[PDB]
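Colleague: Pasting a structure below so you can have a look.
Here the Cβ is made from the backbone with ideal geometry for all residues, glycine too, and neighbour counts use every protein chain on show. Derivation of every value follows stated rules applied to the coordinates shown; laboratory data play no part.
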Amino acid sequence: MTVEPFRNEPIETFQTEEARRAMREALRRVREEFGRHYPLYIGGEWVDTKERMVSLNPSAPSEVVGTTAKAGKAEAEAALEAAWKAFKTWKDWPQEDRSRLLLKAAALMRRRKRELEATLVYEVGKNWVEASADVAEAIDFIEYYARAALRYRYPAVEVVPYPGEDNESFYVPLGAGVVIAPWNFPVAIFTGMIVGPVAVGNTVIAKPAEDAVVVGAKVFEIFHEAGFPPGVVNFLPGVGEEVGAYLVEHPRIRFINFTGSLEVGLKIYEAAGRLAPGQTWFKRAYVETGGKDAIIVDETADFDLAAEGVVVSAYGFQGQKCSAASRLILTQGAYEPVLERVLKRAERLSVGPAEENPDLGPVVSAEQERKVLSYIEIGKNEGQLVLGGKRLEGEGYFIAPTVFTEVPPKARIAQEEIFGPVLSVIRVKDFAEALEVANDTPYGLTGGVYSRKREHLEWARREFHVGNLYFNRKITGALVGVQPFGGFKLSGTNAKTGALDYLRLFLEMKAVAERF
Amino acid sequence: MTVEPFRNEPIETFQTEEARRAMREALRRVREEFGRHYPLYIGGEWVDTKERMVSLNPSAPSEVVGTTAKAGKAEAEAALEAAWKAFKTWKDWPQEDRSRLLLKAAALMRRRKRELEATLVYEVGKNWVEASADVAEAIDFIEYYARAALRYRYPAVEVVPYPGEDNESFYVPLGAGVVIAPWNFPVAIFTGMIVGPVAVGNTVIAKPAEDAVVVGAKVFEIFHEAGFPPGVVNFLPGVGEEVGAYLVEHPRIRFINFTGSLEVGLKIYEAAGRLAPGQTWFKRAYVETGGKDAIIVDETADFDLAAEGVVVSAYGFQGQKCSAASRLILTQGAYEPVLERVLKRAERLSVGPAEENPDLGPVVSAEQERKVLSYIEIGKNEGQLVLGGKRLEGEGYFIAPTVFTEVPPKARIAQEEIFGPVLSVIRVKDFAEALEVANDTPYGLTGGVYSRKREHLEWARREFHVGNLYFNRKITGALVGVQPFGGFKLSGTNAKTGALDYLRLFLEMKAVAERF
Amino acid sequence: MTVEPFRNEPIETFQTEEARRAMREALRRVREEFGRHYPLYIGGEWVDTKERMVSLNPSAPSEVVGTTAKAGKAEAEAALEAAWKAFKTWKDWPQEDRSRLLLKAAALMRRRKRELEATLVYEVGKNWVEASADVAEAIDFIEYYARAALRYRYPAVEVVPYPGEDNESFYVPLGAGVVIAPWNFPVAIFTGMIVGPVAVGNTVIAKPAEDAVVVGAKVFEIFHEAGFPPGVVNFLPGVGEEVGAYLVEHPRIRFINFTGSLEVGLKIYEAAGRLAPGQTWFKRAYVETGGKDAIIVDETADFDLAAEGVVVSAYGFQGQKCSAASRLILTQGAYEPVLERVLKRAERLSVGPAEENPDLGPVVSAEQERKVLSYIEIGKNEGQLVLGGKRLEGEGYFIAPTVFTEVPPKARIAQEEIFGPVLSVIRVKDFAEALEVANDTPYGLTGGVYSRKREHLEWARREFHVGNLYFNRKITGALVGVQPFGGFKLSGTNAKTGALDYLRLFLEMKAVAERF
Ligand SMILES: NC(=O)c1ccc[n+]([C@@H]2O[C@H](COP(=O)([O-])OP(=O)(O)OC[C@H]3O[C@@H](n4cnc5c(N)ncnc54)[C@H](O)[C@@H]3O)[C@@H](O)[C@H]2O)c1
Ligand SMILES: NC(=O)c1ccc[n+]([C@@H]2O[C@H](COP(=O)([O-])OP(=O)(O)OC[C@H]3O[C@@H](n4cnc5c(N)ncnc54)[C@H](O)[C@@H]3O)[C@@H](O)[C@H]2O)c1
Ligand SMILES: NC(=O)c1ccc[n+]([C@@H]2O[C@H](COP(=O)([O-])OP(=O)(O)OC[C@H]3O[C@@H](n4cnc5c(N)ncnc54)[C@H](O)[C@@H]3O)[C@@H](O)[C@H]2O)c1
Ligand code: NA
Ligand code: NA
Ligand code: NA
């Protein structure tokens, strides 16, 4: 290795005066720039368009945080041309050179962390720590993938020798692909899905989520300053079902890296399986979708520890996480003790403008507000509302921490991803039934168990069918490198982000033999 | 390791009297066995049906090598139930135990080698050495995967540690899947696609090609004797578009391992991308399809060495290989010298009943014969026929080694996989044009270059876009472990058989963290 | 690895106000609980007895620090049954699961360090830092053995392969054994001797020293909360020659892990060699006994550094350490300079109630006081008393730092382990004679050399025959992992604690071959 061993970027807690001062300064700089317009980034240059995308402040939707260009089919085609032209030479860069480029990007991002964090606060309503964790994760993806990519360098395949011959197998990148990202982790996931494929030689056309186009543009300002060759990375903010679908169905798109809703992921995976007219390969599509994550608590657990972890997992970033605890499964002996503690903690949570660092900011948009409120109405007919369940005052999309109890395992609110601050509590007889209820959903992303009984924990290790399982701690915030992230079943294709295996997904192998 | 390092099973040449004696006895016994009936194998037992599949001797089609039961939807459902029930416990077997079972199966197959080779001679018309290579490859897959699987044993993932926590990532098998195999390597590929997934904990429903159902049943006799638990491996001979498609489209099939034509592979990949009613996961489909493989020869090559390798690559097993040289690209200075040598060697090839151990046996079936002859008629109007191009006398499906020259790069016979003893010779100006022509097809499986010029060889290593490239030697017969096998573009999903990476395709990862 | 690399638990120095405040709080909580009664722990539950054991405060013996149940033959039998019943399934736990259980225990102990330290202060008279070092060492044993155990996981043995066979060798635990511990390191050694064997699959019946039954019970409160299955670890406070001897001589005790006096160790080793009626194995007995440790100082040493290290080594925890410097061997040129400095430092040492953090607390009991005072009387007839040698005022067993000079190498005080604050100074001619005198004792545990001459240090490295040798530093306080601890000759069986080799002592090997 030529760099220090990987370490996770510390997540700022803002406990010091200097950290708070630095954040206030960043917040001011960011809002003073609310009038900025960010063009598309294609072939190494910023290119503007006639139409535009508008980004609002979810804590004050009448306030615009910025606008960006809007990519249509023509811009998608221009991006494709630039990406394939660039691939021709980018694929030949020594891996050491590509990895150093990522390391430079990581250093530049680290120097602009407060700015990016402040942008997350205003654009998608993350409180201070949720924003810092997001940016820190993005830096982690760059640092981790830069190092991981070297593990695949020419010629990396272990083969069996043969007399009188040289047998050499090695990996090569696939080509130009499209990255379609979500709005909930607009810096971290957006960055990771882009730099992983790019690190090993692929080129990318990135389509940020409509609600986070501004922060996505700032990430590209970093890529531009880092010096990625023209066409290696392209920025195409636009409408998902328009430019996103166009690229997904295109015969010249080699792979698709998607993170988002199951509904969209299903369409993308299906489209990826079709041979478009003139297409000359089998497309690879990686789709990480939602989850309906549960935390199980039995009668042997530390109830206070459990209540704390549950509240953090269910309401962090207003529950807008694919890893959020949306189900709380309690065995009979743990039901009362835990529910009472969860209710007491949850009722003390503050909700308000994200910039004031409340426990909960607003949900991301009017559309999300509509969906969450709709599920709350459905919940009133399936379970018992015991806390919250109301829109709070203000133009911002403030929704109160909500709790439904005595919820049937098969209830819609106990099966469908609400993606809001809504927790469904389910009462079960014992641990075995708790596991049965935990597994009985179409998903399998994250899960947790609070218990002191070793046999229950190890039992869950083997049978709680989720890609990321946590014992006696929160089930959100998977750290790059430490906890490969990705689920089972309808939670996705199990493309483990922040892990060595992730990069293999964007490579193909060639075996060359020479008989002397 | 607890066993000797992997070594490839020696391919018998039958040059010694002992080898000839053993082979003659095996052929005689298999011949005396003609007409035997083999049932389906489901849940650990042989199960017969009313309908049947008939397997003819391509060297004398009036002779029935044998018959097998025929699986329909009911049998597919019974196999699904058995496979999923078996998965529940087979997945928990220590890896060391599963690997030992494969090693036992390999030992049993090795002891029945002559019999299996003799069955290939009669059922699919392979001469003696082609049959021996097929069986040897099958043994290699078992031996190799048994060892490779141990590299993924619990807990195999390299992760970054975190203070106060245990972070453990490990692989787990996917579940029950279907294996759909071709008739050209009915022991090797059939065995490989089955034991790879099974080695790491998956269960399989195997669908042999219609023309090779008897040898497929004999492989299952070996699996049964080895002791695989009931339901771990199931044998379902039947019609591809019927029972095969039924399993591919089934909501309860977890993965599909397919090797066959591009036409079928395309349908399978598309179907796999769809969420069948009630399906709870994203299906994984691996499809290794055909190719239109070329051997390039420039003016610096050893023309005699090249001619020999071209004839072997083009006519081995009647050109019925996904790796067969179906295109011969000659630079101007190599054109006359190489073509004349290829023609002289090819015109001396013997063609006759496979049991006689001729250079070429018959093509596999009446329909394959019809298709090949049809392509020959097409070729007569695209290029210049300079050798063969006719069916020979006799009931068997004998086609003479055929050569077309001055063939346009875009001609149908220079683009479409004929899968018969038909070689298309293309004359180009220089090595640069040779590479352009070689890459200009929808495929990318195998390729070869005969040249003494280092710069041309290394140029090809970087730009001859095929998954398996060979220099100054034949382009067929990839050895397990030595040459990871799999292509690019429409030649498949690049699932490299006989390589460590192959098993990862049938596993998913789980990350479990415990905060102490 | 799935956890961070091993690091030694920092030893608290109490230099900060917070640390002192935390200790005072712990001391108060502990003394407020002096009236507590601690039952035996058998088969996962606390079981009381009719008779009891009383623990006194050596700094104020009229004050009881607690009482515990008292195990007799019946309780020993109940413990044996529970331990063997538990072994049947505990031995089958995956090593990863057993190691995680130890890690949990370590985390729980770390959270109760001040409480345990305060208990050591009041129960066995350790000053603040001696108590913190003891607890830190215990945590270290758990953390170290948890990691070390994984190095022996199935199948760990390196063997030579053989054609046509799978040859697999692996380790398995021995069964149920007894741990008999000393009172001087009642948390550290008690913990280490228990968790090492348990980590790899054995079950244990632990017999704490009579003078430290209370702190031993608290360690078991930690094991109980951690969740060790019923019967895996059992707590049997009681009389050594009663319940201890009973278990040692029992035909159903598989191994004995003992740390204590040579007198007892000799009896245990002899008894272990006998086949008790009905016994079906050869018992393994590990006995780490005393020492008569010397520090050599030559004329080239840093006399002030040497005097400091000598005082620390001889009087730390009142010299009640198997590693304590009880002999000071000085070459002619170093005699005066070093002795004068040692006397000046030693006369400034405070002695009093342990809770006030004096340099020396009291010896552990009336019996130890009697022994130490008796050796002081013997010393007056063998050497010259130059410092201390008196019982100090107060009911506590306070003995003053003592120094005897011009002591004959063969004198009883220069040969027998006093286990008190008594240093014997021996004058020798040169370094060679210093080594001869150092080696001429029945022991061989710890030793030290203060010298700047490389040739003398390296000479000692090769010929100063002790298991743990230290140059230019104290000879006590061996750290887990850094300095494998254990001696030669009558200092024991050389079972190196805090080292990879320790766990091998509690395993046996099986070799299984399968001919395919
Ligand atoms: N599994 C994970 O790792 C993970 C992590 C973060 C978010 N998520 C999921 O993301 C969802 C929230 O994100 P969202 O609301 O942005 O998701 P979404 O599916 O509505 O949109 C995701 C992205 O796809 C685009 N898009 C929309 N329709 C499209 C179409 N037909 N074709 C192509 N692109 C299209 C959008 O513009 C956006 O860029 C939740 O379901 C959550 O569980 C998953
Ligand atoms: N890439 C490789 O490794 C590789 C190796 C060997 C053969 N092949 C290819 O295989 C082909 C020759 O094999 P073949 O003639 O048996 O191929 P094929 O595609 O016609 O049939 C392959 C298998 O699929 C079944 N099948 C047919 N239609 C199906 C459907 N709709 N759904 C599901 N299963 C269906 C058949 O019964 C048989 O078991 C050639 O194109 C050759 O290049 C590829
Ligand atoms: N070598 C080492 O690692 C090491 C470390 C610490 C202490 N020690 C030694 O320990 C001694 C001080 O400890 P102690 O006074 O508790 O020792 P001890 O030998 O008097 O007693 C040790 C333990 O054995 C039990 N015991 C006593 N007689 C027994 C018998 N006949 N059969 C079975 N068990 C019996 C006691 O109850 C106690 O649990 C010193 O000699 C010291 O050198 C050795
Ligand atoms: Na916004
Ligand atoms: Na046939
Ligand atoms: Na005491």
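Colleague: Helix A:262-272 sits at what angle to the longest principal axis of chain A, using alpha carbons and giving 0 to 90 degrees rounded to 10?
Modeller: Tilt relative to chain A: about 20 degrees.
Colleague: In addition: Does the protein assembly as shown come out rounded, prolate or oblate, given a ≥ b ≥ c as the square roots of the eigenvalues of its C-alpha gyration tensor, rounded meaning a/c under 1.5 and, failing that, prolate meaning a/b above b/c?
Modeller: prolate
Colleague: Using a 7 Å offset from the Cα along the Cα-to-Cβ direction at both A:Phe170 and C:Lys85, what is the distance between the two label points in nm, to one decimal?
Modeller: It works out to 6.5 nm between the two label points.
Colleague: Another question, if that's okay. Just need the Rg to Rh number for segment C:18-162, please, alpha carbons only, Kirkwood Rh.
Modeller: 1.08
Colleague: At a threshold of 8 angstrom on Cα-Cα distance, excluding pairs fewer than six apart, so keeping six or more, what relative contact order does chain B reach in percent?
Modeller: Dividing the mean separation by the residue count of chain B yields 17 percent.
Colleague: Compute the label-point distances linking B:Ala60 to its equivalents in the other copies; points lie 7 Å from Cα along Cα→Cβ; give nm, one decimal, shortest first.
Modeller: Ordered by increasing distance: 9.4, 11.0 nm.
Colleague: OK, next. If you count, for every residue in A:499-512, the Cβ atoms of partner chains within 10 Å of its Cβ, what is the mean?
Modeller: Per residue, the average neighbour count from other chains is 6.
Colleague: Continuing with the same structure: Just rank A:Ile11, A:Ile376, A:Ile329, fewest to most, by other beta-carbon atoms within 10 angstrom.
Modeller: A:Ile11, A:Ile376, A:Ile329
Colleague: Defining a contact as two alpha carbons under 8 Å apart and six or more residues distant in sequence, what relative contact order in percent does segment C:290-479 show?
Modeller: 31 percent
Colleague: To the nearest 10 degrees, how steep is helix C:73-90 against the longest Cα principal axis of chain C, on a 0 to 90 scale?
Modeller: On a 0 to 90 degree scale, this one is about 60.
Colleague: First measure r as the distance between the Cβ atoms of B:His37 and A:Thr280, then evaluate 1/(1 + (r/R0)^6) with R0 = 45 Å and state the FRET efficiency to the nearest 0.05.
Modeller: 0.50
Colleague: What's the ranking of A:121-134, C:480-493 by average number of surrounding C-beta atoms within 10 Å, highest first?
Modeller: A:121-134, C:480-493
Colleague: Let me ask something additional. Quick check: Cα centre of segment C:238-279 to Cα centre of segment C:380-438, how many Å?
Modeller: Spelled out, the Cα-based centre of one part sits 33 Å from the other.
Colleague: Measuring from the axis that superposes chain A on chain B, report the chain A residue with the minimal C-beta distance, rounded to whole Å.
Modeller: A:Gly273, 1
Colleague: What Kirkwood hydrodynamic radius do you get for segment B:290-479 when you take the inverse of the mean 1/r over all pairs of distinct Cα atoms, in Å?
Modeller: Over segment B:290-479, the inverse of the mean reciprocal pair distance is 16.1 Å.
Colleague: Once you order the gyration tensor axes a ≥ b ≥ c over the Cα atoms, which shape class does segment A:56-135 get: rounded for a/c under 1.5, otherwise prolate or oblate by comparing a/b with b/c?
Modeller: Cα axes put segment A:56-135 in the oblate bin.
Colleague: Another question, then. Partner chain Cβ atoms within 10 Å, averaged over the residues of B:468-479 - can you pull that number for me?
Modeller: 4
Colleague: Still on this structure, please answer the following. Take the alpha carbon atoms of segment C:42-96, find their center, do the same for segment C:332-360, and report the distance between the two centers in whole angstrom.
Modeller: So the two Cα centres are separated by 40 Å.
Colleague: What are the label-to-label distances in nm, one decimal and shortest first, from C:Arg391 to the same spot in the other copies, with labels 7 Å along Cα to Cβ?
Modeller: So the distances to the same position in the other copies read 8.6, 11.9 nm.
Colleague: Quick one: Cα convex hull volume of segment C:1-103, Å³ per residue?
Modeller: Here the figure is 168 Å³ per residue.
Colleague: Once fully extended, how much extra length lies between A:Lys371 and A:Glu158, figured as 0.36 nm per residue of separation less the alpha-carbon to alpha-carbon distance?
Modeller: 71.6 nm
Colleague: Given the -39500 (n - 2.57) contribution per DSSP H run of 4+ residues, what per-residue ellipticity at 222 nm results for chain A, rounded to the nearest 500 deg cm²/dmol?
Modeller: Theoretical 222 nm ellipticity from helices: -12000 deg cm²/dmol.
Colleague: If you don't mind, there's one more thing I want to ask. Using a 10 Å cut-off around each Cβ of peptide C:97-110, what is the average number of partner chain Cβ atoms that fall inside?
Modeller: 3
Colleague: If the label for B:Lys380 sits 7 angstrom from Cα along the Cα-to-Cβ line, what are its distances to the same label in every other copy, in nm to one decimal, shortest first?
Modeller: Values, ascending and in nm: 8.2, 12.9.
Colleague: Give me the distance in nm between label points sitting 7 Å out from Cα along the Cα-to-Cβ direction at A:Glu63 and A:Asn381, one decimal.
Modeller: In this crude spin-label approximation the distance works out to 3.8 nm.
Colleague: Sorted by mean Cβ packing within 10 Å, highest first, what order do the peptides C:20-33, B:168-181, A:184-197, A:454-467 take?
Modeller: A:184-197, B:168-181, A:454-467, C:20-33
Colleague: Would you mind getting me the FRET efficiency between A:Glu45 and B:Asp440? Use the beta-carbon distance for r and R0 = 30 Å, nearest 0.05.
Modeller: 0.40
Colleague: Hey, quick one: spin label on A:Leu392, modelled 7 Å out along Cα-Cβ, who in segment A:299-327 has an amide N within reach, i.e. under 12 Å?
Modeller: A:318
Colleague: Separate question: With 29 Å as the limit, write out which pairs from C:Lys73/C:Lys104; B:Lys91/C:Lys91; A:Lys510/B:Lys380 have Cα-Cα distances beyond it, or answer none.
Modeller: C:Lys73/C:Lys104; A:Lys510/B:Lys380
Colleague: Quick check: convex hull over the Cα atoms of chain C, volume per residue in Å³, rounded to an integer?
Modeller: 157 Å³
Colleague: Also, I was wondering about something else. Helix C:303-315: angle to the longest alpha-carbon principal axis of chain C, degrees 0 to 90, nearest 10?
Modeller: 50 degrees
Colleague: Run the simple label-point estimate for B:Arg461 and C:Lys453 please: 7 Å along Cα→C-beta, distance reported in nm.
Modeller: It works out to 6.3 nm between the two label points.
Colleague: Let me ask you something else. If we sort A:420-429, C:199-208, C:243-252 on the protection proxy, mean other Cβ atoms within 10 Å, highest first, what's the order?
Modeller: Result, highest mean Cβ count within 10 Å first: C:199-208, A:420-429, C:243-252.
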